[PDB]
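K.L.:
One file: model_11.cif (mmCIF, C-alpha atoms and all ligand atoms).
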```
data_protein
#
loop_
_atom_site.label_atom_id
_atom_site.label_comp_id
_atom_site.auth_asym_id
_atom_site.auth_seq_id
_atom_site.Cartn_x
_atom_site.Cartn_y
_atom_site.Cartn_z
CA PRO K 1 14.97 103.50 308.99
CA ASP K 2 11.56 104.77 307.64
CA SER K 3 10.28 107.99 309.16
CA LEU K 4 7.46 107.86 311.72
CA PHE K 5 4.88 110.58 311.09
CA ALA K 6 1.10 110.94 311.43
CA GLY K 7 0.31 110.39 307.77
CA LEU K 8 0.72 108.03 304.85
CA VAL K 9 3.90 107.76 302.77
CA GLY K 10 3.13 109.70 299.58
CA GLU K 11 4.63 109.31 296.12
CA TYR K 12 3.76 111.46 293.09
CA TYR K 13 4.29 110.26 289.52
CA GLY K 14 3.85 112.22 286.31
CA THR K 15 3.79 111.06 282.69
CA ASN K 16 3.10 112.29 279.15
CA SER K 17 1.14 109.15 278.27
CA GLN K 18 -2.58 108.77 278.89
CA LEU K 19 -3.86 107.40 282.21
CA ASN K 20 -7.20 105.66 281.58
CA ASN K 21 -7.52 103.31 284.55
CA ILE K 22 -5.91 101.94 287.70
CA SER K 23 -3.68 99.48 285.80
CA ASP K 24 -2.18 102.42 283.77
CA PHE K 25 -1.33 104.32 286.93
CA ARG K 26 0.13 101.21 288.61
CA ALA K 27 2.30 100.60 285.52
CA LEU K 28 3.56 104.18 285.82
CA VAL K 29 4.42 103.64 289.50
CA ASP K 30 6.29 100.45 288.65
CA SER K 31 8.19 102.06 285.74
CA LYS K 32 10.42 104.51 287.64
CA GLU K 33 11.25 106.21 290.91
CA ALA K 34 8.70 108.71 292.16
CA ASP K 35 8.91 112.22 290.75
CA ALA K 36 8.35 113.51 294.29
CA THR K 37 7.67 112.16 297.77
CA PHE K 38 5.58 113.75 300.51
CA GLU K 39 3.79 113.07 303.80
CA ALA K 40 0.03 112.60 303.30
CA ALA K 41 -1.28 113.87 306.63
CA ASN K 42 -4.59 115.46 305.54
CA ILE K 43 -6.07 113.51 302.66
CA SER K 44 -8.45 116.08 301.17
CA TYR K 45 -6.89 117.40 297.98
CA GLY K 46 -7.97 119.97 295.35
CA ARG K 47 -10.26 120.88 293.56
CA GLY K 48 -8.26 122.60 290.82
CA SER K 49 -8.12 123.02 287.07
CA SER K 50 -5.69 122.92 284.14
CA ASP K 51 -3.96 119.56 284.88
CA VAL K 52 -2.56 118.39 288.24
CA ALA K 53 0.80 117.64 286.62
CA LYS K 54 1.38 121.14 285.27
CA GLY K 55 3.05 124.15 286.98
CA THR K 56 2.31 124.47 290.69
CA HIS K 57 -1.00 122.62 290.48
CA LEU K 58 0.28 119.67 292.53
CA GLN K 59 1.30 122.01 295.34
CA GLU K 60 -2.14 123.63 295.28
CA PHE K 61 -3.86 120.21 295.23
CA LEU K 62 -1.85 118.84 298.17
CA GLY K 63 -2.38 122.01 300.19
CA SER K 64 -1.12 121.59 303.75
CA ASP K 65 0.80 118.47 302.75
CA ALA K 66 2.82 120.20 300.00
CA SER K 67 5.34 121.60 302.50
CA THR K 68 6.71 118.04 302.76
CA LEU K 69 7.40 117.66 299.02
CA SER K 70 10.89 116.33 298.32
CA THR K 71 11.12 118.36 295.08
CA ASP K 72 8.94 120.44 292.74
CA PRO K 73 8.25 118.09 289.80
CA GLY K 74 8.49 119.40 286.26
CA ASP K 75 5.53 119.49 283.89
CA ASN K 76 3.71 116.40 282.64
CA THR K 77 0.30 115.98 281.02
CA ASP K 78 -0.98 113.29 283.42
CA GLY K 79 -0.11 112.38 286.99
CA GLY K 80 -1.21 110.79 290.22
CA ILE K 81 -0.38 109.70 293.74
CA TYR K 82 0.33 106.43 295.53
CA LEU K 83 -0.13 106.53 299.31
CA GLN K 84 0.72 103.75 301.75
CA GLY K 85 0.81 103.28 305.49
CA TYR K 86 -1.59 102.61 308.35
CA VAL K 87 -4.86 103.94 309.74
CA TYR K 88 -6.15 103.41 313.27
CA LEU K 89 -9.63 101.84 313.19
CA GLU K 90 -11.55 100.04 315.93
CA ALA K 91 -13.20 96.76 315.03
CA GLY K 92 -16.55 97.35 313.36
CA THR K 93 -18.25 98.32 310.10
CA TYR K 94 -17.20 101.23 307.87
CA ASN K 95 -17.74 102.64 304.41
CA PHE K 96 -15.98 105.16 302.20
CA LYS K 97 -17.62 108.07 300.38
CA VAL K 98 -15.14 109.49 297.87
CA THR K 99 -15.21 112.67 295.78
CA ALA K 100 -12.80 112.43 292.87
CA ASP K 101 -11.64 113.42 289.40
CA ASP K 102 -10.27 111.14 287.93
CA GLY K 103 -10.35 107.58 289.37
CA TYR K 104 -8.89 105.84 292.38
CA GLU K 105 -8.51 102.63 294.37
CA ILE K 106 -8.30 102.30 298.17
CA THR K 107 -7.34 99.02 299.84
CA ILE K 108 -7.35 98.10 303.52
CA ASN K 109 -5.46 95.03 304.75
CA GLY K 110 -4.99 94.08 301.11
CA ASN K 111 -8.67 94.22 300.15
CA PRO K 112 -10.19 96.84 297.84
CA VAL K 113 -12.79 98.94 299.64
CA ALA K 114 -13.33 101.84 297.20
CA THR K 115 -12.69 101.70 293.44
CA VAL K 116 -13.36 103.87 290.39
CA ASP K 117 -11.46 102.24 287.51
CA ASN K 118 -11.99 104.99 284.90
CA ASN K 119 -11.73 108.70 284.20
CA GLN K 120 -14.50 111.02 285.34
CA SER K 121 -15.36 114.62 286.05
CA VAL K 122 -15.86 115.29 289.80
CA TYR K 123 -18.29 112.78 291.26
CA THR K 124 -19.01 111.46 294.75
CA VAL K 125 -19.54 107.71 295.23
CA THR K 126 -20.87 106.15 298.44
CA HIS K 127 -19.10 102.78 298.54
CA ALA K 128 -20.24 99.50 300.05
CA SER K 129 -19.48 98.76 303.67
CA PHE K 130 -16.62 96.58 304.91
CA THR K 131 -15.64 95.19 308.31
CA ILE K 132 -12.53 95.51 310.44
CA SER K 133 -12.00 92.39 312.56
CA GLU K 134 -9.55 93.66 315.17
CA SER K 135 -8.94 97.15 316.55
CA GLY K 136 -5.61 98.77 315.78
CA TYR K 137 -3.54 100.16 312.93
CA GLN K 138 -4.83 98.70 309.66
CA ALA K 139 -2.71 98.67 306.52
CA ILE K 140 -4.04 101.09 303.88
CA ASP K 141 -2.98 102.12 300.41
CA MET K 142 -4.49 104.57 297.93
CA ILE K 143 -4.05 105.33 294.24
CA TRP K 144 -5.55 108.44 292.59
CA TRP K 145 -4.78 110.02 289.23
CA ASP K 146 -5.63 112.90 286.89
CA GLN K 147 -5.72 112.27 283.14
CA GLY K 148 -5.95 116.02 282.59
CA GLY K 149 -8.30 118.93 283.19
CA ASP K 150 -9.85 119.22 286.63
CA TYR K 151 -8.67 117.23 289.66
CA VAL K 152 -9.94 116.52 293.20
CA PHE K 153 -9.52 113.68 295.71
CA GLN K 154 -11.34 113.46 299.05
CA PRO K 155 -11.93 109.93 300.43
CA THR K 156 -14.09 110.24 303.58
CA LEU K 157 -14.93 107.37 305.92
CA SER K 158 -17.96 106.60 308.09
CA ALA K 159 -18.01 104.42 311.21
CA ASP K 160 -21.71 105.00 311.95
CA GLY K 161 -23.58 103.72 308.93
CA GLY K 162 -23.19 106.82 306.81
CA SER K 163 -24.54 109.32 309.32
CA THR K 164 -21.18 111.12 309.66
CA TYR K 165 -17.98 110.97 307.65
CA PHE K 166 -14.42 112.06 308.42
CA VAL K 167 -11.30 112.85 306.42
CA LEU K 168 -8.28 110.61 307.04
CA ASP K 169 -5.71 112.84 308.72
CA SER K 170 -3.07 113.04 311.43
CA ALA K 171 -5.56 112.04 314.15
CA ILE K 172 -5.47 108.40 312.95
CA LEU K 173 -2.80 107.94 310.27
CA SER K 174 0.63 106.39 310.89
CA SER K 175 3.40 105.91 308.36
CA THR K 176 4.80 102.73 309.97
CA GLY K 177 2.07 101.42 312.28
CA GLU K 178 3.72 102.75 315.42
CA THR K 179 1.89 105.42 317.41
CA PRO K 180 2.90 108.92 316.25
CA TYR K 181 3.55 111.71 318.83
CA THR K 182 4.25 114.57 316.38
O1 LIG K 201 -13.11 111.81 281.23
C1 LIG K 201 -14.01 112.70 281.77
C2 LIG K 201 -13.62 114.17 281.69
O2 LIG K 201 -14.47 115.12 282.08
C3 LIG K 201 -12.19 114.44 281.93
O3 LIG K 201 -11.82 115.76 281.36
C4 LIG K 201 -11.50 116.59 282.38
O4 LIG K 201 -11.27 117.83 282.18
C5 LIG K 201 -11.97 116.06 283.65
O5 LIG K 201 -11.14 116.55 284.71
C6 LIG K 201 -11.95 114.59 283.46
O6 LIG K 201 -10.61 114.09 283.68
CA CA K 202 8.25 103.28 291.64
CA CA K 203 5.86 121.75 289.10
CA CA K 204 -6.71 122.11 300.43
CA CA K 205 2.04 121.85 305.80
CA CA K 206 -4.07 112.66 279.49
CA CA K 207 -9.16 115.18 285.38
#
```
Can the structure from this file be put into structure tokens for me?
Ligand SMILES: OC[C@@H](O)[C@H]1O[C@@H](O)[C@H](O)[C@@H]1O
Ligand SMILES: [Ca+2]
Ligand SMILES: [Ca+2]
Ligand SMILES: [Ca+2]
Ligand SMILES: [Ca+2]
Ligand SMILES: [Ca+2]
Ligand SMILES: [Ca+2]
P.N.:
Amino acid sequence: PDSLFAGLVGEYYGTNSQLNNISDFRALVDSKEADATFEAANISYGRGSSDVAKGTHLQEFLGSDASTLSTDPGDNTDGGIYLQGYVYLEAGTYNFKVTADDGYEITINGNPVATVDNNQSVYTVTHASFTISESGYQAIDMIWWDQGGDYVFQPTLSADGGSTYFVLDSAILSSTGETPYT
């Protein structure tokens, strides 16, 4: 049985090779078991400096969510996270606005909805809108990585045409698509 919690299933991977793009991070994910798992219940991480994969920087980055880490990973030069689960969204139009260093990819119901396929110092991108056809728990996954240096990841979502944005957190996240009461 997979645990039911109000969050996404989180996996952290570190490496001593360079992460330049999404494909490099996905290859890392596919190469081994996660270096740590966690519950991603408040997806607003960092900012910090001096490499996410070093020392206690991952704990600092994950903040509130770090108390669910399965282990304290050892040092690596580069690292990132893979998150997967469900998010409750009513039918309608939405768009992401993401602050990040380095890059990332977010997909909903299998379709990319926010992508930066390269390294970058902290930058905020307002992404194009997408539609949700039916209200309910939508499948969502996220990739984010740090190639080194500074690191931050905050993917906010608007349901009202960019007037207001919210962080994805325990109000609407579900690890399995069942309703959490936690
Ligand atoms: O590639 C752009 C560049 O600024 C990279 O160096 C870093 O320190 C920063 O966090 C970013 O990853
Ligand atoms: Ca894996
Ligand atoms: Ca560590
Ligand atoms: Ca924090
Ligand atoms: Ca906590
Ligand atoms: Ca690197
Ligand atoms: Ca960086």
K.L.:
Against ligand LIG 201 (chain K), which residues of chain K fall within 6 Å? For each one I want the closest pair of atoms and the distance in Å (one decimal), counting all atoms listed in the file, rows by chain and increasing residue number, as CSV.
P.N.:
```
residue,atom,partner,partner_atom,distance
K:101,CA,K:LIG201,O5,5.7
K:102,CA,K:LIG201,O6,5.2
K:119,CA,K:LIG201,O1,4.5
K:120,CA,K:LIG201,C1,4.0
K:121,CA,K:LIG201,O2,4.1
K:147,CA,K:LIG201,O6,5.2
K:148,CA,K:LIG201,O6,5.2
K:149,CA,K:LIG201,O4,3.3
K:150,CA,K:LIG201,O5,3.5
K:151,CA,K:LIG201,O5,5.6
```
K.L.:
Just give me the gap between atom CA of residue K:177 and atom CA of residue K:131 in Å, one decimal is fine.
P.N.:
19.2 Å
K.L.:
I'd like the interatomic distance between atom CA of residue K:8 and atom CA of residue K:85, to a tenth of an Å.
P.N.:
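One can read the atom CA of residue K:8 to atom CA of residue K:85 distance as 4.8 Å.
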K.L.:
Have a look at K:98, K:139, K:159, K:52 and name the one nearest to ligand CA 206 (chain K); count all atoms listed in the file.
P.N.:
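Residue with the minimum atom-to-atom distance to ligand CA 206 (chain K): K:52.
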K.L.:
Select the residues contacting ligand CA 205 (chain K) at a distance of at most 9 Å, based on only C-alpha atoms and all ligand atoms, then format the selection as a ChimeraX atom specification.
P.N.:
/K:41,63-68
K.L.:
Please provide the set of residues having any atom within 12 Å of residue K:112, restricted to all atoms listed in the file, with same-chain residues fewer than 5 positions apart removed, written as a list in words.
P.N.:
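Residues near the query, excluding close chain neighbours: residues 95, 96, 104, 105, 106, 107, 117, 127, 128, 129, 130, 131, 139, 140, 141, 142 and 143 of chain K.
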K.L.:
Give me, as a list in words, the set of residues whose atoms come within 8 Å of any atom of ligand CA 202 (chain K), counting all atoms listed in the file.
P.N.:
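Written in the requested form, the residues are residues 28, 29, 30, 31, 32, 33 and 34 of chain K.
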K.L.:
Can you find the residues with an atom no farther than 8 Å from (3.9, 107.6, 309.4), counting all atoms listed in the file, and report them as a PyMOL selection string?
P.N.:
chain K and resi 3-9+39+85-86+173-178+180
K.L.:
So that I have them on file, write out the residues from the current selection with C-alpha atoms, as an mmCIF file, in the coordinates of the input.
P.N.:
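Just written: result-v6.cif:
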```cif
data_model
loop_
_atom_site.group_PDB
_atom_site.id
_atom_site.type_symbol
_atom_site.label_atom_id
_atom_site.label_comp_id
_atom_site.auth_asym_id
_atom_site.auth_seq_id
_atom_site.Cartn_x
_atom_site.Cartn_y
_atom_site.Cartn_z
ATOM 1 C CA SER K 3 10.280 107.990 309.160
ATOM 2 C CA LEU K 4 7.460 107.860 311.720
ATOM 3 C CA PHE K 5 4.880 110.580 311.090
ATOM 4 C CA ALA K 6 1.100 110.940 311.430
ATOM 5 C CA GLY K 7 0.310 110.390 307.770
ATOM 6 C CA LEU K 8 0.720 108.030 304.850
ATOM 7 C CA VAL K 9 3.900 107.760 302.770
ATOM 8 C CA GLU K 39 3.790 113.070 303.800
ATOM 9 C CA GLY K 85 0.810 103.280 305.490
ATOM 10 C CA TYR K 86 -1.590 102.610 308.350
ATOM 11 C CA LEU K 173 -2.800 107.940 310.270
ATOM 12 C CA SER K 174 0.630 106.390 310.890
ATOM 13 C CA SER K 175 3.400 105.910 308.360
ATOM 14 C CA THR K 176 4.800 102.730 309.970
ATOM 15 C CA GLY K 177 2.070 101.420 312.280
ATOM 16 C CA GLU K 178 3.720 102.750 315.420
ATOM 17 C CA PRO K 180 2.900 108.920 316.250
#
```
K.L.:
Here is a test: counting only C-alpha atoms, which residue of K:99, K:93, K:182, K:84 is nearest to residue K:170?
P.N.:
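Ranking K:99, K:93, K:182, K:84 by distance to residue K:170, first place goes to K:182.
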K.L.:
At a cut-off of 7 Å around ligand CA 203 (chain K), and using all atoms listed in the file, what residues come up? Please write them as a PyMOL selection string.
P.N.:
chain K and resi 53-56+58+72-75
K.L.:
Rounded to one decimal, what separation in Å do you get between atom CA of residue K:44 and atom CA of residue K:153?
P.N.:
6.1 Å
K.L.:
Which one is closest to ligand CA 206 (chain K): K:40, K:113, K:76, K:167? Count all atoms listed in the file.
P.N.:
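Closest to ligand CA 206 (chain K) of all the choices is K:76.
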K.L.:
Distance limit 7 Å, reference ligand CA 206 (chain K), atoms considered: only C-alpha atoms and all ligand atoms. Which residues make the cut? Give them as a ChimeraX atom specification.
P.N.:
/K:17-19,77-78,147-148
K.L.:
Let me see if you get this right: every residue at most 10 Å from ligand CA 204 (chain K), counting all atoms listed in the file, written as a VMD selection string.
P.N.:
chain K and resid 42 to 48 59 to 66 152 154
K.L.:
In the coordinates of the file, take the point (-6.0, 100.7, 314.0) and a cut-off of 6 Å; then, counting only C-alpha atoms, name each qualifying protein, DNA or RNA residue as a list in words.
P.N.:
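I get residues 87, 88, 89, 90, 135, 136, 137 and 138 of chain K for the residues within 6 Å of that point.
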K.L.:
Calculated over all atoms listed in the file, which of the candidates K:134, K:146, K:2, K:169 has the smallest distance to residue K:16?
P.N.:
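When distances to residue K:16 are compared using all atoms listed in the file, the smallest one comes from K:146.
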